[PDB]
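A quick write-up on the structure given underneath.
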Amino acid sequence: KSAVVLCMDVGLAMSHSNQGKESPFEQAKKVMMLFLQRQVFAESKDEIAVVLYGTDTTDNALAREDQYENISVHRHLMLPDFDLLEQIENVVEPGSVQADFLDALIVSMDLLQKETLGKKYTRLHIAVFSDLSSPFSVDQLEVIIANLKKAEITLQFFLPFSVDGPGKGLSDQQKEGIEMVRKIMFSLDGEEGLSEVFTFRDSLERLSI
Amino acid sequence: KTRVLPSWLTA
């Protein structure tokens, strides 16, 4: 079996709807639901956690004043079920704030480190869904990368636009986030990584590999 | 903005 964290940006920017009929938030939720439905219907043994960042409340093991704020562990590492499906469809809502995606990655890594103790997995996987609209701190990113390598974690980023026609009006902050994603993925996978940025439209199939 | 990593990451 494998262990997967879905690390989902639910910050305020994700609710801005100017691409089609579904906002980035609603598109990412739909992908998560289809993925989880596939897993439930197939009776897969993979364990799947859900970490949300950009939530109005804070609920994670690293949270303490001014640290890892606005990040919530919605589902711990366990088999998916219909309660999870019901919550994601009805409970999970857009947040009214923003959070640091590297903080959310650290929470996700800490969850995996603790909750995979004493168990055997073929792969550890973290999938991040975001529009990269909000700032982040790179403090100690070199430690994060070292541990992602040590634990052989596969990291996938999914964005609601292509980063390979007209330009898409990406903010400077989004462009900085994209470059950081590229630096992280290259650190992990080398030259191949520079292109390992995926879109929401391809995310369901890339997840289900 | 500095952060504090959990000890298992920096041990």
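Naming scheme: A, B, ... for chains in displayed order of the structure tokens; residues 1 onward per chain; ligands 1 onward as shown.
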
Polymer residues at most 7 Å from segment 129-142 of chain A, only C-alpha atoms, same-chain spacing of 4 or more positions, as a PDB file with N, CA and C atoms, in the first residue's frame:
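Below is the file result-v1.pdb, written as the result:
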ATOM      1  N   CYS A   7      -2.813  17.927   0.060  1.00  0.00           N
ATOM      2  CA  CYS A   7      -2.531  19.183   0.751  1.00  0.00           C
ATOM      3  C   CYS A   7      -3.159  20.283  -0.101  1.00  0.00           C
ATOM      4  N   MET A   8      -4.299  20.793   0.346  1.00  0.00           N
ATOM      5  CA  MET A   8      -5.200  21.569  -0.496  1.00  0.00           C
ATOM      6  C   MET A   8      -5.256  23.010  -0.013  1.00  0.00           C
ATOM      7  N   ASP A   9      -4.927  23.944  -0.906  1.00  0.00           N
ATOM      8  CA  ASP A   9      -5.079  25.362  -0.618  1.00  0.00           C
ATOM      9  C   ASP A   9      -6.559  25.705  -0.695  1.00  0.00           C
ATOM     10  N   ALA A  13      -8.140  33.434  -2.157  1.00  0.00           N
ATOM     11  CA  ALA A  13      -7.893  33.586  -3.581  1.00  0.00           C
ATOM     12  C   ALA A  13      -8.438  32.433  -4.416  1.00  0.00           C
ATOM     13  N   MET A  14      -8.502  31.260  -3.822  1.00  0.00           N
ATOM     14  CA  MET A  14      -8.964  30.093  -4.556  1.00  0.00           C
ATOM     15  C   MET A  14     -10.438  30.190  -4.894  1.00  0.00           C
ATOM     16  N   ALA A  28     -10.579  22.004  -7.483  1.00  0.00           N
ATOM     17  CA  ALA A  28      -9.703  21.142  -6.701  1.00  0.00           C
ATOM     18  C   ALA A  28     -10.512  20.191  -5.834  1.00  0.00           C
ATOM     19  N   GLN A  98      -5.256  33.285   4.153  1.00  0.00           N
ATOM     20  CA  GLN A  98      -4.257  32.609   3.349  1.00  0.00           C
ATOM     21  C   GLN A  98      -3.234  31.967   4.288  1.00  0.00           C
ATOM     22  N   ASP A 100       0.853  29.757   4.505  1.00  0.00           N
ATOM     23  CA  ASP A 100       2.161  29.511   3.911  1.00  0.00           C
ATOM     24  C   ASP A 100       2.228  28.057   3.436  1.00  0.00           C
ATOM     25  N   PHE A 101       2.420  27.850   2.132  1.00  0.00           N
ATOM     26  CA  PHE A 101       2.354  26.488   1.609  1.00  0.00           C
ATOM     27  C   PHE A 101       3.505  25.624   2.096  1.00  0.00           C
ATOM     28  N   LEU A 102       4.653  26.224   2.441  1.00  0.00           N
ATOM     29  CA  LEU A 102       5.748  25.425   2.981  1.00  0.00           C
ATOM     30  C   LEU A 102       5.461  25.009   4.418  1.00  0.00           C
ATOM     31  N   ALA A 146      16.043  17.934   2.276  1.00  0.00           N
ATOM     32  CA  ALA A 146      16.843  16.800   2.736  1.00  0.00           C
ATOM     33  C   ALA A 146      15.953  15.669   3.229  1.00  0.00           C
ATOM     34  N   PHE A 157       2.895  18.911  -7.560  1.00  0.00           N
ATOM     35  CA  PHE A 157       2.172  20.177  -7.484  1.00  0.00           C
ATOM     36  C   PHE A 157       1.163  20.303  -8.604  1.00  0.00           C
ATOM     37  N   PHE A 158      -0.043  20.692  -8.247  1.00  0.00           N
ATOM     38  CA  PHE A 158      -1.135  20.932  -9.193  1.00  0.00           C
ATOM     39  C   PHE A 158      -1.599  22.368  -9.070  1.00  0.00           C
ATOM     40  N   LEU A 159      -1.651  23.082 -10.204  1.00  0.00           N
ATOM     41  CA  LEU A 159      -2.011  24.490 -10.275  1.00  0.00           C
ATOM     42  C   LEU A 159      -3.161  24.663 -11.263  1.00  0.00           C
ATOM     43  N   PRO A 160      -4.028  25.675 -11.076  1.00  0.00           N
ATOM     44  CA  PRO A 160      -5.186  25.836 -11.970  1.00  0.00           C
ATOM     45  C   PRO A 160      -4.864  26.588 -13.251  1.00  0.00           C
ATOM     46  N   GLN A 173       3.790  37.338  -7.195  1.00  0.00           N
ATOM     47  CA  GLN A 173       3.826  36.325  -6.145  1.00  0.00           C
ATOM     48  C   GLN A 173       3.588  34.934  -6.715  1.00  0.00           C
ATOM     49  N   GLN A 174       2.632  34.798  -7.638  1.00  0.00           N
ATOM     50  CA  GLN A 174       2.442  33.508  -8.289  1.00  0.00           C
ATOM     51  C   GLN A 174       3.690  33.098  -9.062  1.00  0.00           C
ATOM     52  N   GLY A 177       6.126  31.815  -6.618  1.00  0.00           N
ATOM     53  CA  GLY A 177       5.758  30.479  -6.173  1.00  0.00           C
ATOM     54  C   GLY A 177       6.089  29.419  -7.207  1.00  0.00           C
TER      55      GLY A 177
ATOM     56  N   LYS B   1      10.738  35.813   7.655  1.00  0.00           N
ATOM     57  CA  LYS B   1       9.911  35.052   8.588  1.00  0.00           C
ATOM     58  C   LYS B   1      10.566  33.691   8.925  1.00  0.00           C
ATOM     59  N   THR B   2      11.123  33.533  10.129  1.00  0.00           N
ATOM     60  CA  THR B   2      11.665  32.252  10.546  1.00  0.00           C
ATOM     61  C   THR B   2      10.553  31.320  11.003  1.00  0.00           C
ATOM     62  N   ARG B   3      10.819  30.025  10.893  1.00  0.00           N
ATOM     63  CA  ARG B   3       9.944  29.003  11.444  1.00  0.00           C
ATOM     64  C   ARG B   3      10.766  28.081  12.330  1.00  0.00           C
TER      65      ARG B   3
END

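For residue 5 of chain B, the non-local neighbours within 8 Å, defined as residues at least 3 positions apart in the same chain or in other chains and counting only C-alpha atoms, are residues 106 of chain A; 9 and 10 of chain B.
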
Please, could you write that set of residues out with N, CA, C and O atoms as an mmCIF file, in the first residue's frame?
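Listed below is the output, part-v3.cif:
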data_model
loop_
_atom_site.group_PDB
_atom_site.id
_atom_site.type_symbol
_atom_site.label_atom_id
_atom_site.label_comp_id
_atom_site.auth_asym_id
_atom_site.auth_seq_id
_atom_site.Cartn_x
_atom_site.Cartn_y
_atom_site.Cartn_z
ATOM 1 N N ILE A 106 5.249 21.117 5.610
ATOM 2 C CA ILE A 106 5.883 20.603 6.824
ATOM 3 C C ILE A 106 4.868 19.863 7.680
ATOM 4 O O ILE A 106 5.151 18.782 8.205
ATOM 5 N N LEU B 9 12.862 16.543 12.419
ATOM 6 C CA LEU B 9 13.401 16.997 11.144
ATOM 7 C C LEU B 9 14.835 17.489 11.259
ATOM 8 O O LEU B 9 15.596 17.399 10.288
ATOM 9 N N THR B 10 15.220 18.017 12.421
ATOM 10 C CA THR B 10 16.534 18.620 12.600
ATOM 11 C C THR B 10 17.494 17.759 13.407
ATOM 12 O O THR B 10 18.670 18.122 13.525
#

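Within 12 Å of residue 23 of chain A there are residues 10, 11, 12, 13, 14, 15, 16, 17, 18, 19, 27, 28, 29, 30, 94, 130, 131, 160, 161 and 200 of chain A, counting only C-alpha atoms and ignoring same-chain residues fewer than 4 positions away.
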
Keeping only C-alpha atoms, write the selected residues as a compact mmCIF listing (two decimals), in the first residue's frame.
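So out31.txt came out as:
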# COMPACT_ATOMS: atom_id res chain seq x y z
CA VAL A 10 -8.51 26.65 0.44
CA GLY A 11 -7.41 30.26 0.87
CA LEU A 12 -9.53 33.18 -0.17
CA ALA A 13 -7.89 33.59 -3.58
CA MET A 14 -8.96 30.09 -4.56
CA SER A 15 -12.59 31.20 -4.49
CA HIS A 16 -12.16 33.85 -7.19
CA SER A 17 -14.09 32.57 -10.21
CA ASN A 18 -12.80 33.86 -13.54
CA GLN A 19 -11.93 30.60 -15.32
CA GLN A 27 -12.18 22.47 -9.26
CA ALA A 28 -9.70 21.14 -6.70
CA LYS A 29 -12.48 19.82 -4.47
CA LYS A 30 -13.98 18.01 -7.47
CA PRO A 94 -13.41 28.05 1.22
CA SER A 130 -2.88 25.67 -5.10
CA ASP A 131 -2.86 28.82 -7.19
CA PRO A 160 -5.19 25.84 -11.97
CA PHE A 161 -3.19 27.02 -14.97
CA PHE A 200 -5.80 20.84 -12.36

Distance query residue 6 of chain B at most 10 Å, only C-alpha atoms, self and fewer than 4 positions along chain excluded, as a PDB file with N, CA and C atoms, in the first residue's frame:
ATOM      1  N   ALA A  61      -0.618  19.621  14.693  1.00  0.00           N
ATOM      2  CA  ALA A  61       0.266  19.293  15.809  1.00  0.00           C
ATOM      3  C   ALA A  61       1.389  20.304  16.009  1.00  0.00           C
ATOM      4  N   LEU A  62       1.704  21.115  15.009  1.00  0.00           N
ATOM      5  CA  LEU A  62       2.796  22.069  15.101  1.00  0.00           C
ATOM      6  C   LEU A  62       2.320  23.466  15.464  1.00  0.00           C
ATOM      7  N   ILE A 106       5.249  21.117   5.610  1.00  0.00           N
ATOM      8  CA  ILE A 106       5.883  20.603   6.824  1.00  0.00           C
ATOM      9  C   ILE A 106       4.868  19.863   7.680  1.00  0.00           C
ATOM     10  N   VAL A 107       3.678  20.441   7.862  1.00  0.00           N
ATOM     11  CA  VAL A 107       2.621  19.727   8.580  1.00  0.00           C
ATOM     12  C   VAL A 107       2.345  18.387   7.921  1.00  0.00           C
ATOM     13  N   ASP A 110       5.196  15.989   8.696  1.00  0.00           N
ATOM     14  CA  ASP A 110       5.134  15.552  10.090  1.00  0.00           C
ATOM     15  C   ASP A 110       4.026  14.530  10.288  1.00  0.00           C
TER      16      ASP A 110
ATOM     17  N   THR B  10      15.220  18.017  12.421  1.00  0.00           N
ATOM     18  CA  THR B  10      16.534  18.620  12.600  1.00  0.00           C
ATOM     19  C   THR B  10      17.494  17.759  13.407  1.00  0.00           C
ATOM     20  N   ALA B  11      17.034  16.643  13.957  1.00  0.00           N
ATOM     21  CA  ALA B  11      17.873  15.796  14.794  1.00  0.00           C
ATOM     22  C   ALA B  11      19.131  15.362  14.048  1.00  0.00           C
TER      23      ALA B  11
END

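Comparing the minimum interatomic distances between residue 201 of chain A and each of A:162, A:171, A:187, A:122, counting only C-alpha atoms, we find that A:162 sits nearest.
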
Alpha helix (DSSP H) positions in segment 67-151 of chain A, given as number ranges by chain | A: 82-86, 101-115, 141-150

Got time to write the residues from that selection, N, CA, C and O atoms, as a compact mmCIF listing (two decimals), in the first residue's frame?
# COMPACT_ATOMS: atom_id res chain seq x y z
N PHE A 82 -17.03 6.95 3.21
CA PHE A 82 -18.09 7.83 2.75
C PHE A 82 -18.29 9.04 3.65
O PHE A 82 -18.79 10.07 3.19
N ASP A 83 -17.93 8.94 4.93
CA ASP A 83 -17.91 10.13 5.78
C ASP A 83 -16.96 11.17 5.20
O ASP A 83 -17.31 12.35 5.10
N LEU A 84 -15.76 10.74 4.81
CA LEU A 84 -14.82 11.67 4.20
C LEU A 84 -15.42 12.28 2.95
O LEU A 84 -15.28 13.49 2.71
N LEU A 85 -16.09 11.47 2.13
CA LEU A 85 -16.74 11.99 0.93
C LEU A 85 -17.79 13.03 1.29
O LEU A 85 -17.84 14.11 0.68
N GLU A 86 -18.66 12.71 2.27
CA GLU A 86 -19.67 13.66 2.74
C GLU A 86 -19.06 14.98 3.24
O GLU A 86 -19.56 16.06 2.91
N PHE A 101 2.42 27.85 2.13
CA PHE A 101 2.35 26.49 1.61
C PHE A 101 3.51 25.62 2.10
O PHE A 101 3.35 24.40 2.17
N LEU A 102 4.65 26.22 2.44
CA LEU A 102 5.75 25.42 2.98
C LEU A 102 5.46 25.01 4.42
O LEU A 102 5.78 23.88 4.81
N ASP A 103 4.80 25.87 5.20
CA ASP A 103 4.26 25.42 6.48
C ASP A 103 3.33 24.22 6.29
O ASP A 103 3.37 23.25 7.06
N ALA A 104 2.46 24.29 5.27
CA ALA A 104 1.52 23.19 5.06
C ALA A 104 2.24 21.92 4.63
O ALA A 104 1.86 20.82 5.04
N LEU A 105 3.29 22.06 3.83
CA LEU A 105 4.11 20.91 3.46
C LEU A 105 4.75 20.29 4.69
O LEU A 105 4.78 19.06 4.82
N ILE A 106 5.25 21.12 5.61
CA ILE A 106 5.88 20.60 6.82
C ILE A 106 4.87 19.86 7.68
O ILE A 106 5.15 18.78 8.20
N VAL A 107 3.68 20.44 7.86
CA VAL A 107 2.62 19.73 8.58
C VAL A 107 2.34 18.39 7.92
O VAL A 107 2.19 17.36 8.60
N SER A 108 2.28 18.36 6.59
CA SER A 108 1.99 17.11 5.89
C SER A 108 3.11 16.10 6.10
O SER A 108 2.84 14.90 6.30
N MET A 109 4.36 16.55 6.06
CA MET A 109 5.49 15.66 6.29
C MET A 109 5.51 15.13 7.72
O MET A 109 5.79 13.95 7.95
N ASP A 110 5.20 15.99 8.70
CA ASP A 110 5.13 15.55 10.09
C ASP A 110 4.03 14.53 10.29
O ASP A 110 4.20 13.55 11.02
N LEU A 111 2.87 14.74 9.65
CA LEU A 111 1.78 13.77 9.73
C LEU A 111 2.23 12.42 9.19
O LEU A 111 2.01 11.38 9.82
N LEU A 112 2.87 12.42 8.02
CA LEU A 112 3.32 11.16 7.43
C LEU A 112 4.36 10.50 8.31
O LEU A 112 4.33 9.27 8.51
N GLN A 113 5.31 11.28 8.84
CA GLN A 113 6.37 10.70 9.65
C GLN A 113 5.79 9.97 10.86
O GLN A 113 6.18 8.84 11.17
N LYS A 114 4.83 10.60 11.54
CA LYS A 114 4.26 9.99 12.73
C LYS A 114 3.33 8.83 12.37
O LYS A 114 3.41 7.75 12.97
N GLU A 115 2.45 9.03 11.39
CA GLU A 115 1.35 8.10 11.20
C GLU A 115 1.73 6.89 10.35
O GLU A 115 0.94 5.94 10.28
N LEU A 141 14.17 25.68 4.20
CA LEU A 141 13.72 24.82 3.11
C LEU A 141 14.74 23.74 2.79
O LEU A 141 14.36 22.63 2.39
N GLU A 142 16.03 24.03 2.96
CA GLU A 142 17.05 23.02 2.71
C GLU A 142 16.88 21.80 3.60
O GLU A 142 17.20 20.68 3.19
N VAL A 143 16.36 21.98 4.82
CA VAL A 143 16.10 20.84 5.69
C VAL A 143 14.92 20.03 5.18
O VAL A 143 14.94 18.79 5.19
N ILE A 144 13.85 20.72 4.75
CA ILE A 144 12.68 20.05 4.18
C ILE A 144 13.09 19.18 3.00
O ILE A 144 12.71 18.01 2.90
N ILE A 145 13.87 19.75 2.07
CA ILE A 145 14.29 18.99 0.90
C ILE A 145 15.12 17.77 1.32
O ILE A 145 14.92 16.66 0.81
N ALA A 146 16.04 17.93 2.28
CA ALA A 146 16.84 16.80 2.74
C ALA A 146 15.95 15.67 3.23
O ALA A 146 16.22 14.49 2.96
N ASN A 147 14.89 16.00 3.97
CA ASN A 147 14.04 14.96 4.52
C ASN A 147 13.12 14.36 3.48
O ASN A 147 12.81 13.16 3.54
N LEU A 148 12.66 15.15 2.51
CA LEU A 148 11.86 14.59 1.43
C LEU A 148 12.66 13.57 0.63
O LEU A 148 12.12 12.56 0.17
N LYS A 149 13.96 13.82 0.45
CA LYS A 149 14.82 12.83 -0.18
C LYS A 149 15.02 11.62 0.72
O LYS A 149 14.88 10.47 0.28
N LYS A 150 15.34 11.87 2.00
CA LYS A 150 15.63 10.77 2.91
C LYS A 150 14.45 9.81 3.00
O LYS A 150 14.63 8.58 3.01

Just asking: which residues within chain A are strand (DSSP E) according to DSSP, as a PyMOL selection string?
-> chain A and resi 3-9+47-53+71-78+124-129+153-159+198-199
